[PDB]
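> File follows, model_15.cif with mmCIF, C-alpha atoms and all ligand atoms:
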```
data_coords
loop_
_atom_site.label_atom_id
_atom_site.label_comp_id
_atom_site.auth_asym_id
_atom_site.auth_seq_id
_atom_site.Cartn_x
_atom_site.Cartn_y
_atom_site.Cartn_z
CA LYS A 1 65.08 128.92 97.23
CA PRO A 2 68.59 129.21 98.67
CA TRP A 3 68.78 129.23 102.46
CA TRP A 4 69.55 132.96 102.54
CA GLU A 5 66.21 133.69 100.88
CA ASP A 6 64.11 130.76 102.13
CA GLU A 7 61.28 131.93 104.44
CA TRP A 8 61.72 128.77 106.56
CA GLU A 9 65.45 128.93 107.31
CA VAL A 10 66.19 130.17 110.84
CA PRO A 11 69.46 130.62 112.81
CA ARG A 12 70.22 127.64 115.05
CA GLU A 13 70.63 130.16 117.89
CA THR A 14 66.85 130.65 117.95
CA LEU A 15 66.40 127.09 119.20
CA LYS A 16 66.78 125.62 122.67
CA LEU A 17 66.39 121.85 122.92
CA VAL A 18 64.83 120.93 126.26
CA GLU A 19 63.61 117.33 126.28
CA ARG A 20 64.29 114.36 124.03
CA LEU A 21 61.13 112.68 122.76
CA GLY A 22 62.82 110.08 120.61
CA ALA A 23 66.19 108.75 119.48
CA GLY A 24 67.00 106.41 116.65
CA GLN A 25 69.23 105.29 113.84
CA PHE A 26 68.84 108.51 111.84
CA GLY A 27 68.87 111.01 114.68
CA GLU A 28 66.83 112.45 117.52
CA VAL A 29 63.62 114.36 118.11
CA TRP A 30 63.36 116.96 120.85
CA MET A 31 60.78 119.21 122.48
CA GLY A 32 62.26 122.68 122.57
CA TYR A 33 61.68 126.41 122.40
CA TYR A 34 62.02 128.88 119.52
CA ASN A 35 63.10 132.35 120.66
CA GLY A 36 62.49 131.27 124.25
CA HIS A 37 58.69 131.31 124.25
CA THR A 38 57.40 129.07 121.44
CA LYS A 39 57.26 125.35 122.15
CA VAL A 40 58.29 123.30 119.11
CA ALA A 41 59.40 119.81 118.11
CA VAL A 42 62.89 119.52 116.63
CA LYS A 43 64.14 116.65 114.50
CA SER A 44 67.90 116.40 114.10
CA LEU A 45 69.72 114.37 111.49
CA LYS A 46 72.63 112.14 112.48
CA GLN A 47 75.45 113.07 110.11
CA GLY A 48 76.23 110.02 108.03
CA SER A 49 73.10 108.03 108.92
CA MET A 50 71.34 109.01 105.70
CA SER A 51 71.36 111.49 102.83
CA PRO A 52 70.69 115.09 103.94
CA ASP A 53 68.72 115.61 100.73
CA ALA A 54 66.57 112.65 101.77
CA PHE A 55 66.13 114.07 105.27
CA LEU A 56 64.92 117.49 104.08
CA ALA A 57 62.61 116.25 101.33
CA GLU A 58 59.99 115.68 104.01
CA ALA A 59 60.26 119.31 105.12
CA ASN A 60 60.06 120.47 101.52
CA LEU A 61 56.82 118.55 101.04
CA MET A 62 55.31 120.09 104.17
CA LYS A 63 56.16 123.51 102.70
CA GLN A 64 53.59 122.50 100.06
CA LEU A 65 50.94 120.94 102.34
CA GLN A 66 49.71 123.34 104.99
CA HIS A 67 46.38 122.90 106.78
CA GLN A 68 45.01 123.10 110.34
CA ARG A 69 44.56 119.34 110.40
CA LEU A 70 48.19 118.54 109.45
CA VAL A 71 51.25 119.02 111.66
CA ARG A 72 52.74 122.34 110.55
CA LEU A 73 56.32 122.88 109.46
CA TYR A 74 57.91 125.72 111.45
CA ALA A 75 61.43 126.10 110.10
CA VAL A 76 64.58 124.36 108.95
CA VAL A 77 68.29 124.68 109.70
CA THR A 78 70.08 123.39 106.63
CA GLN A 79 73.62 123.35 108.07
CA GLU A 80 74.96 120.18 109.68
CA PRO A 81 73.47 119.01 111.80
CA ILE A 82 70.33 119.71 109.77
CA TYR A 83 67.15 120.32 111.74
CA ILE A 84 63.46 120.15 110.87
CA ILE A 85 61.33 122.17 113.29
CA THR A 86 57.59 121.64 113.54
CA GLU A 87 54.35 122.29 115.40
CA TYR A 88 54.50 120.64 118.83
CA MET A 89 51.62 118.31 119.70
CA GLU A 90 51.36 118.12 123.49
CA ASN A 91 49.73 114.69 123.74
CA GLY A 92 52.00 112.84 121.32
CA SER A 93 50.85 110.07 119.00
CA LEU A 94 47.27 108.86 119.05
CA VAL A 95 48.25 105.21 119.51
CA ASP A 96 50.08 106.18 122.71
CA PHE A 97 47.52 108.66 124.00
CA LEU A 98 44.60 106.25 123.76
CA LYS A 99 46.50 104.12 126.29
CA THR A 100 46.93 106.83 128.96
CA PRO A 101 44.44 107.21 131.83
CA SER A 102 42.84 110.05 129.83
CA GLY A 103 42.72 108.22 126.52
CA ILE A 104 41.20 105.16 128.17
CA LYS A 105 38.24 107.18 129.49
CA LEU A 106 37.34 108.70 126.11
CA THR A 107 33.75 107.98 125.10
CA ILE A 108 32.87 106.55 121.69
CA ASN A 109 31.57 110.05 120.91
CA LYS A 110 35.02 111.59 121.26
CA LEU A 111 36.65 108.70 119.40
CA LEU A 112 34.30 109.32 116.43
CA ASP A 113 35.01 113.04 116.72
CA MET A 114 38.72 112.35 116.41
CA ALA A 115 38.15 109.88 113.57
CA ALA A 116 36.34 112.60 111.62
CA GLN A 117 39.11 115.11 112.38
CA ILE A 118 41.57 112.67 110.84
CA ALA A 119 39.38 112.05 107.78
CA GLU A 120 39.11 115.85 107.49
CA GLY A 121 42.87 116.20 107.29
CA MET A 122 43.05 113.40 104.74
CA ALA A 123 40.27 115.04 102.68
CA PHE A 124 42.61 118.02 102.27
CA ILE A 125 45.51 115.78 101.29
CA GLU A 126 43.14 113.99 98.92
CA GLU A 127 42.04 117.31 97.37
CA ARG A 128 45.61 118.59 96.84
CA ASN A 129 46.46 115.48 94.81
CA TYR A 130 48.70 113.95 97.46
CA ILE A 131 48.88 110.55 99.14
CA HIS A 132 50.31 109.83 102.59
CA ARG A 133 51.14 106.12 102.37
CA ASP A 134 51.90 105.81 106.10
CA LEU A 135 48.48 106.53 107.61
CA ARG A 136 48.16 104.83 111.00
CA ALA A 137 47.42 105.74 114.62
CA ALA A 138 51.18 106.05 115.27
CA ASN A 139 51.20 108.85 112.70
CA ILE A 140 48.34 110.90 114.12
CA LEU A 141 49.37 113.45 116.75
CA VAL A 142 47.11 114.77 119.51
CA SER A 143 47.00 118.33 120.88
CA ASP A 144 46.50 119.57 124.43
CA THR A 145 42.86 120.32 123.50
CA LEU A 146 42.43 116.77 122.22
CA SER A 147 42.33 117.62 118.53
CA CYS A 148 44.16 115.40 116.03
CA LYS A 149 46.49 116.16 113.12
CA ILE A 150 48.14 114.12 110.37
CA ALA A 151 51.91 113.70 110.70
CA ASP A 152 55.00 112.10 109.17
CA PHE A 153 54.91 112.90 105.46
CA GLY A 154 58.12 110.98 104.86
CA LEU A 155 56.45 108.69 102.32
CA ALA A 156 53.88 111.30 101.22
CA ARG A 157 53.94 112.11 97.50
CA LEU A 158 52.31 114.53 95.09
CA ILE A 159 50.35 112.43 92.65
CA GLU A 160 50.85 113.71 89.16
CA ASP A 161 48.64 111.09 87.48
CA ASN A 162 46.59 108.55 89.59
CA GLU A 163 49.13 106.31 91.28
CA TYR A 164 52.69 106.20 92.53
CA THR A 165 54.64 102.99 92.03
CA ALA A 166 57.15 102.20 94.76
CA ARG A 167 60.35 100.24 94.12
CA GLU A 168 60.41 96.47 93.77
CA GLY A 169 62.44 96.48 96.97
CA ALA A 170 60.42 98.93 99.05
CA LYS A 171 58.70 97.28 102.04
CA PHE A 172 55.62 98.38 104.00
CA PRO A 173 53.61 97.41 107.12
CA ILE A 174 51.44 94.53 105.92
CA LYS A 175 48.54 95.03 108.32
CA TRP A 176 48.06 98.72 107.41
CA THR A 177 48.67 98.64 103.67
CA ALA A 178 46.12 98.02 100.91
CA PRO A 179 46.42 94.83 98.81
CA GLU A 180 47.25 96.61 95.55
CA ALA A 181 50.16 98.34 97.28
CA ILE A 182 51.44 95.16 98.91
CA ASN A 183 51.17 93.18 95.67
CA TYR A 184 51.97 95.72 92.93
CA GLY A 185 53.60 98.51 94.88
CA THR A 186 50.95 100.83 93.44
CA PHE A 187 49.61 103.58 95.68
CA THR A 188 46.65 105.90 95.18
CA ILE A 189 44.56 107.94 97.59
CA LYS A 190 42.39 104.80 97.68
CA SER A 191 45.28 102.98 99.32
CA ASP A 192 45.22 105.57 102.09
CA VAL A 193 41.48 104.95 102.39
CA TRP A 194 42.19 101.29 103.17
CA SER A 195 44.76 102.36 105.78
CA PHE A 196 42.13 104.65 107.30
CA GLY A 197 39.90 101.62 107.79
CA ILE A 198 42.68 99.94 109.75
CA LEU A 199 43.28 103.16 111.67
CA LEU A 200 39.60 103.17 112.68
CA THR A 201 40.17 99.83 114.42
CA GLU A 202 43.11 101.32 116.28
CA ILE A 203 40.86 104.12 117.54
CA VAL A 204 38.01 101.91 118.77
CA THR A 205 40.33 99.41 120.50
CA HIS A 206 42.34 102.17 122.15
CA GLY A 207 45.54 101.35 120.30
CA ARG A 208 45.40 97.57 119.86
CA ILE A 209 47.38 95.95 117.03
CA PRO A 210 45.09 95.17 114.07
CA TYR A 211 44.12 91.58 113.22
CA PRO A 212 44.59 90.22 116.78
CA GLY A 213 46.42 86.92 117.03
CA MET A 214 47.37 86.88 113.37
CA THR A 215 50.76 86.94 111.66
CA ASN A 216 51.20 88.86 108.43
CA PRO A 217 50.87 85.82 106.17
CA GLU A 218 47.70 84.81 107.99
CA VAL A 219 46.31 88.26 107.30
CA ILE A 220 47.15 88.09 103.58
CA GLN A 221 45.67 84.61 103.34
CA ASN A 222 42.42 85.66 104.98
CA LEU A 223 42.14 88.83 102.92
CA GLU A 224 42.49 86.87 99.70
CA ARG A 225 39.57 84.70 100.85
CA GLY A 226 37.32 87.73 101.04
CA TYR A 227 37.60 87.91 104.83
CA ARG A 228 38.21 91.22 106.57
CA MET A 229 39.26 92.00 110.14
CA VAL A 230 36.96 90.43 112.69
CA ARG A 231 34.70 92.93 114.45
CA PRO A 232 36.79 94.57 117.19
CA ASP A 233 35.39 94.14 120.69
CA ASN A 234 32.82 96.82 121.49
CA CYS A 235 32.97 98.24 118.00
CA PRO A 236 29.70 99.96 116.98
CA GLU A 237 28.28 98.15 113.95
CA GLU A 238 27.81 101.38 111.97
CA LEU A 239 31.52 102.10 112.36
CA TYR A 240 32.37 98.52 111.45
CA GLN A 241 30.40 98.80 108.24
CA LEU A 242 32.21 102.08 107.53
CA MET A 243 35.53 100.23 107.93
CA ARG A 244 34.36 97.55 105.50
CA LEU A 245 33.72 100.26 102.85
CA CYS A 246 37.36 101.25 103.25
CA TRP A 247 38.28 97.63 102.64
CA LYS A 248 36.45 96.98 99.37
CA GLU A 249 38.37 94.86 96.85
CA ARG A 250 38.42 97.40 94.02
CA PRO A 251 40.30 100.58 94.95
CA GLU A 252 37.81 102.56 92.88
CA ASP A 253 34.97 101.18 95.02
CA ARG A 254 36.35 102.61 98.27
CA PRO A 255 34.84 106.00 99.27
CA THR A 256 36.47 109.43 99.16
CA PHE A 257 37.90 110.92 102.33
CA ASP A 258 35.35 113.69 102.12
CA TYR A 259 32.57 111.10 102.23
CA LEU A 260 34.23 109.42 105.22
CA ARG A 261 34.54 112.79 106.98
CA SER A 262 30.89 113.54 106.32
CA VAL A 263 29.66 110.23 107.67
CA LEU A 264 31.88 110.25 110.75
CA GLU A 265 30.69 113.75 111.61
CA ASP A 266 27.10 112.46 111.45
CA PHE A 267 28.08 109.51 113.66
CA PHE A 268 29.60 112.07 116.04
CA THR A 269 26.59 114.39 116.34
CA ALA A 270 24.35 111.32 116.72
CA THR A 271 26.30 110.27 119.80
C1 LIG B 301 59.72 117.01 114.30
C2 LIG B 301 59.22 116.14 113.17
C3 LIG B 301 59.77 116.25 111.82
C4 LIG B 301 59.30 115.44 110.73
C5 LIG B 301 58.27 114.53 111.05
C6 LIG B 301 57.66 114.37 112.35
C7 LIG B 301 56.52 113.39 112.53
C8 LIG B 301 58.15 115.18 113.44
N1 LIG B 301 57.62 115.08 114.69
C9 LIG B 301 56.63 116.08 115.16
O1 LIG B 301 56.10 116.88 114.40
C10 LIG B 301 56.08 116.18 116.48
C11 LIG B 301 55.08 117.13 116.99
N2 LIG B 301 54.71 116.95 118.30
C12 LIG B 301 55.24 115.92 119.09
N3 LIG B 301 54.78 115.71 120.39
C13 LIG B 301 54.99 114.63 121.28
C14 LIG B 301 54.83 114.92 122.69
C15 LIG B 301 55.16 113.86 123.59
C16 LIG B 301 55.63 112.56 123.02
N4 LIG B 301 56.07 111.49 123.76
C17 LIG B 301 55.14 111.00 124.75
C18 LIG B 301 55.86 110.72 126.06
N5 LIG B 301 57.06 109.94 125.72
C19 LIG B 301 57.72 109.78 127.01
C20 LIG B 301 58.05 110.73 124.97
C21 LIG B 301 57.42 110.81 123.59
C22 LIG B 301 55.78 112.25 121.63
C23 LIG B 301 55.44 113.32 120.76
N6 LIG B 301 56.17 115.05 118.59
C24 LIG B 301 56.64 115.10 117.33
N7 LIG B 301 57.60 114.10 116.86
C25 LIG B 301 58.25 112.96 117.46
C26 LIG B 301 58.20 112.37 118.81
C27 LIG B 301 58.94 111.16 119.21
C28 LIG B 301 59.76 110.52 118.20
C29 LIG B 301 59.87 111.04 116.86
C30 LIG B 301 59.11 112.26 116.49
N8 LIG B 301 58.99 112.98 115.33
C31 LIG B 301 58.10 114.07 115.57
#
```
Re-express the file's structure as structure tokens.
Ligand SMILES: Cc1cccc(C)c1-n1c(=O)c2cnc(Nc3ccc(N4CCN(C)CC4)cc3)nc2n2c3ccccc3nc12

Amino acid sequence: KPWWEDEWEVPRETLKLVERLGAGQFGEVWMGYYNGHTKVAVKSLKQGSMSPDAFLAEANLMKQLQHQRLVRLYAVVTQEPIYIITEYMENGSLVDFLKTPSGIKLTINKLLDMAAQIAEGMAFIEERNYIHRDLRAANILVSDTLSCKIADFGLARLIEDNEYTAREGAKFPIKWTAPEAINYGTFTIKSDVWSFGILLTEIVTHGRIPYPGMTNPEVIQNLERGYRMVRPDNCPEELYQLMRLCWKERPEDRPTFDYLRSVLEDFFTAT
């Protein structure tokens, strides 16, 4: 819909940027207030850094994917500089939070709770025929009440058939991406499942980089041998075996996110 009819378009005057949370090549992200009282996160595009159409596509997707377990789109300002306003998550990214004095004290019970919350959000994405493609602790935001939500749908895509085929040039994080995606550029919800497995290791190690002491080619070599990530220190065996399900060779053999949610919730109540 044109901006003058779009429910999400709001006057730039309604926003007050208060604190910068991040700055980069394509712009900045700020904590701010909408109409003085509502705390929000604001992403601003650096004119010239990238296509505005590219910048807003993420916001347009989020207009389509709304759920309690996914960071919510709040509004957009489609006049340069273009802004994307969203639901503010007080405790930032999960990978960072798990490293704070608070995150460090979390019991395995709360870690499993969070893991299930994440699988819950993905189950929704899975059900709506979407894929995330960038599922990792860095892309899970934490609230002031210690609840988690899926974020950054920049690579997210509606799946019309079964898979999405990236471009022969597209590049992705080796340690977090499923083999089929790394080798054929083919993504399915099953690829996200693999990423979830990796994310589970990030949770249990309180943010440690997956495959400790290994370079990307070492990782690929070991995977091809049938090996999987070595058991993280202090990782409950039940959880480890759940991770291994996420890492099965055949995409089709990996479980659904609803199954993962279900199991993790049982793990939670058991602890
Ligand atoms: C707005 C937006 C549009 C499209 C896609 C996404 C993912 C967002 N998007 C949010 O929803 C989004 C929602 N909540 C937060 N909270 C938050 C609080 C403290 C810190 N910290 C912790 C303390 N250090 C000091 C500062 C950073 C970091 C984050 N941050 C977001 N951020 C970002 C924060 C830093 C850098 C980039 C960011 N992009 C977003």
> Tell me which of A:85, A:137, A:17, A:245 sits closest to residue 33 in chain A, counting only C-alpha atoms.
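Once distances to residue 33 in chain A are computed over only C-alpha atoms, the minimum belongs to A:17.
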> Which protein, DNA or RNA residues have an atom within 9 Å of ligand LIG 301 (chain B), counting only C-alpha atoms and all ligand atoms, as number ranges by chain?
A: 19-24, 28-31, 40-44, 55-56, 58-59, 62, 71-73, 83-93, 96-97, 139-143, 150-154
> With 4 Å added on each side, what axis-aligned box encloses every listed atom of range 74-88 of chain A? Give the centre and edge lengths in Å to one decimal, as lines of an AutoDock Vina configuration file.

```
center_x = 64.7
center_y = 122.6
center_z = 112.7
size_x = 28.6
size_y = 15.1
size_z = 20.2
```
> Taking all atoms listed in the file into account, which of A:138, A:112, A:198, A:118 comes nearest residue 269 in chain A?
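Checking each candidate against residue 269 in chain A, we get A:112 as the closest.
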> Check the smallest atom-to-atom distance from each of A:126, A:25, A:77, A:188 to residue 2 in chain A using all atoms listed in the file, then report the winner.
A:77
> Between CA of residue 265 in chain A and CA of residue 243 in chain A, what is the distance in Å, rounded to a tenth?
14.8 Å
> Residues within 12 Å of range 257-259 of chain A, please, as a PyMOL selection string. Count only C-alpha atoms; anything in the same chain fewer than 4 positions from it doesn't count.
chain A and resi 115-127+131+189-197+242+245-246+263-266
> Figure out the distance between CA of residue 213 in chain A and CA of residue 181 in chain A, please, to one decimal in Å.
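According to the coordinates, CA of residue 181 in chain A and CA of residue 213 in chain A are separated by 23.1 Å.
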> Enter the distance from CA of residue 46 in chain A to CA of residue 27 in chain A, in Å, rounded to one decimal.
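That distance, rounded to one decimal, is 4.5 Å.
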> So, counting all atoms listed in the file, which residue among A:16, A:231, A:208, A:110 is closest to residue 136 in chain A?
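Checking each candidate against residue 136 in chain A, we get A:208 as the closest.
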> With distances taken over all atoms listed in the file, which residue among A:222, A:145, A:79, A:38 lies nearest residue 114 in chain A?
A:145
> Have a look at A:135, A:230, A:76, A:94 and name the one nearest to residue 212 in chain A; count all atoms listed in the file.
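Answer, going by the shortest atom-to-atom distance: A:230.
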> Considering all atoms listed in the file, return as a VMD selection string whatever protein or nucleic-acid residues lie within 8 Å of residue 211 in chain A, sequence-local ones (same chain, fewer than 2 positions apart) excluded.
chain A and resid 175 209 213 to 214 219 229 to 230
> Residues within 9 Å of range 172-174 of chain A, please, as an MDAnalysis selection string. Count only C-alpha atoms; anything in the same chain fewer than 2 positions from it doesn't count.
chainID A and resid 134 170 176:179 181:182 216:217 219:220
> Residue 3 in chain A: which residues within 10 Å, counting only C-alpha atoms, same-chain residues fewer than 2 positions away excluded, as number ranges by chain?
A: 1, 5-10, 76-79
> Give me range 193-266 of chain A from this structure - C-alpha atoms, as a PDB file, in the first residue's frame.

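What follows is the written file decode.pdb:
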```pdb
ATOM      1  CA  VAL A 193      16.649 -27.111  12.089  1.00  0.00           C
ATOM      2  CA  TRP A 194      20.377 -27.779  11.659  1.00  0.00           C
ATOM      3  CA  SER A 195      21.126 -24.181  12.678  1.00  0.00           C
ATOM      4  CA  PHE A 196      18.953 -24.697  15.756  1.00  0.00           C
ATOM      5  CA  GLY A 197      21.203 -27.581  16.751  1.00  0.00           C
ATOM      6  CA  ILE A 198      24.193 -25.257  16.596  1.00  0.00           C
ATOM      7  CA  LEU A 199      22.235 -22.610  18.492  1.00  0.00           C
ATOM      8  CA  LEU A 200      21.600 -25.149  21.259  1.00  0.00           C
ATOM      9  CA  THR A 201      25.364 -25.404  21.766  1.00  0.00           C
ATOM     10  CA  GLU A 202      25.555 -21.626  22.052  1.00  0.00           C
ATOM     11  CA  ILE A 203      22.942 -21.725  24.813  1.00  0.00           C
ATOM     12  CA  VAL A 204      24.579 -24.460  26.901  1.00  0.00           C
ATOM     13  CA  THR A 205      28.080 -22.948  26.640  1.00  0.00           C
ATOM     14  CA  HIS A 206      26.810 -19.470  27.488  1.00  0.00           C
ATOM     15  CA  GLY A 207      27.720 -18.005  24.108  1.00  0.00           C
ATOM     16  CA  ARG A 208      30.860 -19.912  23.102  1.00  0.00           C
ATOM     17  CA  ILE A 209      31.765 -20.170  19.403  1.00  0.00           C
ATOM     18  CA  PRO A 210      30.703 -23.568  18.005  1.00  0.00           C
ATOM     19  CA  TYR A 211      33.290 -26.232  17.119  1.00  0.00           C
ATOM     20  CA  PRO A 212      35.964 -24.967  19.565  1.00  0.00           C
ATOM     21  CA  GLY A 213      39.478 -24.799  18.181  1.00  0.00           C
ATOM     22  CA  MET A 214      38.392 -25.557  14.638  1.00  0.00           C
ATOM     23  CA  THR A 215      38.626 -23.506  11.458  1.00  0.00           C
ATOM     24  CA  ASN A 216      35.829 -23.662   8.910  1.00  0.00           C
ATOM     25  CA  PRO A 217      37.571 -26.157   6.625  1.00  0.00           C
ATOM     26  CA  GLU A 218      38.283 -28.389   9.612  1.00  0.00           C
ATOM     27  CA  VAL A 219      34.589 -28.320  10.431  1.00  0.00           C
ATOM     28  CA  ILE A 220      33.562 -29.246   6.866  1.00  0.00           C
ATOM     29  CA  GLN A 221      36.141 -32.028   6.781  1.00  0.00           C
ATOM     30  CA  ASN A 222      34.942 -33.519  10.047  1.00  0.00           C
ATOM     31  CA  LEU A 223      31.283 -33.241   9.099  1.00  0.00           C
ATOM     32  CA  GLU A 224      31.894 -35.124   5.863  1.00  0.00           C
ATOM     33  CA  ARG A 225      33.448 -37.921   7.937  1.00  0.00           C
ATOM     34  CA  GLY A 226      30.215 -38.364   9.861  1.00  0.00           C
ATOM     35  CA  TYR A 227      31.568 -36.507  12.883  1.00  0.00           C
ATOM     36  CA  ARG A 228      29.467 -33.874  14.643  1.00  0.00           C
ATOM     37  CA  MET A 229      30.415 -31.234  17.201  1.00  0.00           C
ATOM     38  CA  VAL A 230      32.140 -32.708  20.221  1.00  0.00           C
ATOM     39  CA  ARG A 231      29.969 -32.738  23.346  1.00  0.00           C
ATOM     40  CA  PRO A 232      30.132 -29.226  24.832  1.00  0.00           C
ATOM     41  CA  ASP A 233      31.455 -29.094  28.389  1.00  0.00           C
ATOM     42  CA  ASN A 234      28.682 -29.690  30.916  1.00  0.00           C
ATOM     43  CA  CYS A 235      26.141 -30.402  28.211  1.00  0.00           C
ATOM     44  CA  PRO A 236      23.338 -32.726  29.411  1.00  0.00           C
ATOM     45  CA  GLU A 237      23.398 -35.880  27.303  1.00  0.00           C
ATOM     46  CA  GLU A 238      19.668 -35.701  26.527  1.00  0.00           C
ATOM     47  CA  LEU A 239      20.198 -32.247  25.035  1.00  0.00           C
ATOM     48  CA  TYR A 240      23.257 -33.464  23.151  1.00  0.00           C
ATOM     49  CA  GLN A 241      21.245 -36.253  21.578  1.00  0.00           C
ATOM     50  CA  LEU A 242      18.580 -33.686  20.662  1.00  0.00           C
ATOM     51  CA  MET A 243      21.278 -31.636  18.905  1.00  0.00           C
ATOM     52  CA  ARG A 244      22.410 -34.724  16.984  1.00  0.00           C
ATOM     53  CA  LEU A 245      18.832 -35.169  15.644  1.00  0.00           C
ATOM     54  CA  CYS A 246      19.110 -31.650  14.253  1.00  0.00           C
ATOM     55  CA  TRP A 247      22.339 -32.707  12.572  1.00  0.00           C
ATOM     56  CA  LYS A 248      21.170 -35.802  10.700  1.00  0.00           C
ATOM     57  CA  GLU A 249      22.623 -36.202   7.197  1.00  0.00           C
ATOM     58  CA  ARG A 250      19.320 -36.245   5.302  1.00  0.00           C
ATOM     59  CA  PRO A 251      17.380 -32.987   5.700  1.00  0.00           C
ATOM     60  CA  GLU A 252      14.156 -35.001   5.665  1.00  0.00           C
ATOM     61  CA  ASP A 253      15.407 -36.997   8.669  1.00  0.00           C
ATOM     62  CA  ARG A 254      15.753 -33.938  10.915  1.00  0.00           C
ATOM     63  CA  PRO A 255      12.720 -33.294  13.184  1.00  0.00           C
ATOM     64  CA  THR A 256      10.086 -30.565  12.896  1.00  0.00           C
ATOM     65  CA  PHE A 257      10.364 -27.471  15.052  1.00  0.00           C
ATOM     66  CA  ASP A 258       7.131 -28.434  16.753  1.00  0.00           C
ATOM     67  CA  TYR A 259       8.702 -31.725  17.805  1.00  0.00           C
ATOM     68  CA  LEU A 260      11.772 -29.879  19.096  1.00  0.00           C
ATOM     69  CA  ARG A 261       9.550 -27.466  21.028  1.00  0.00           C
ATOM     70  CA  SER A 262       7.629 -30.355  22.551  1.00  0.00           C
ATOM     71  CA  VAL A 263      10.728 -32.209  23.677  1.00  0.00           C
ATOM     72  CA  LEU A 264      12.485 -29.139  25.071  1.00  0.00           C
ATOM     73  CA  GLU A 265       9.387 -28.255  27.080  1.00  0.00           C
ATOM     74  CA  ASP A 266       9.485 -31.761  28.582  1.00  0.00           C
TER      75      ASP A 266
END
```
